[PDB]
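S.K.: Got a structure for you, questions after.
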Amino acid sequence: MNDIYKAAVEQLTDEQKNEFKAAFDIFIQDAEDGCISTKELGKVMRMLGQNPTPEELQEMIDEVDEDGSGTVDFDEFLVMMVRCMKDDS
Ligand SMILES: [Ca+2]
């Protein structure tokens, strides 16, 4: 069980989700299922307001990838912020 998503969702603002939704929809303009690419995560961060590394972002991807299919949905896109709570150390 995880209670960080509830404690983190309350921290995030509507503006953050607004940007996240737009940052997602832009890529999901003609998606097959309705998600982005795990490798494209480094691209959305640059547009949102972040500049990580290929090894750093990689850990974030697999971490937020609840299904582990290959594409990043909105559920996996939003968790990126709340997942910070779970350090796993
Ligand atoms: Ca996925």
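In PDB author numbering, the protein residues as written are 1 to 89. For each residue, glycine too, the CB sits at the ideal point set by N, CA and C.
Should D75 be counted as a contact of ligand 1 given a C-beta to heavy atom distance under 6 Å?
M.R.: no
S.K.: Hey, how far is the Cα of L78 from the Cα of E19?
M.R.: 11 Å
S.K.: Does the distance between the C-beta of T53 and the nearest non-hydrogen atom of ligand 1 fall short of 6 Å?
M.R.: no
S.K.: Could you give the C-beta distance for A7 and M81, rounded to a whole number, given that I count them as a contact under 8 Å?
M.R.: Your pair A7 and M81 does not check out as a contact, with CB atoms roughly 12 Å apart and the cut at 8 Å.
S.K.: In three-state DSSP terms, what is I26?
M.R.: coil
S.K.: Would you give the residue range spanned by the alpha helix (DSSP H) that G42 belongs to?
M.R.: Boundaries of the alpha helix (DSSP H) harbouring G42: 41-48, taken from the DSSP string.
S.K.: Measure the C-alpha to C-alpha separation of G68 and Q58 and round it to an integer number of angstroms.
M.R.: 13 Å
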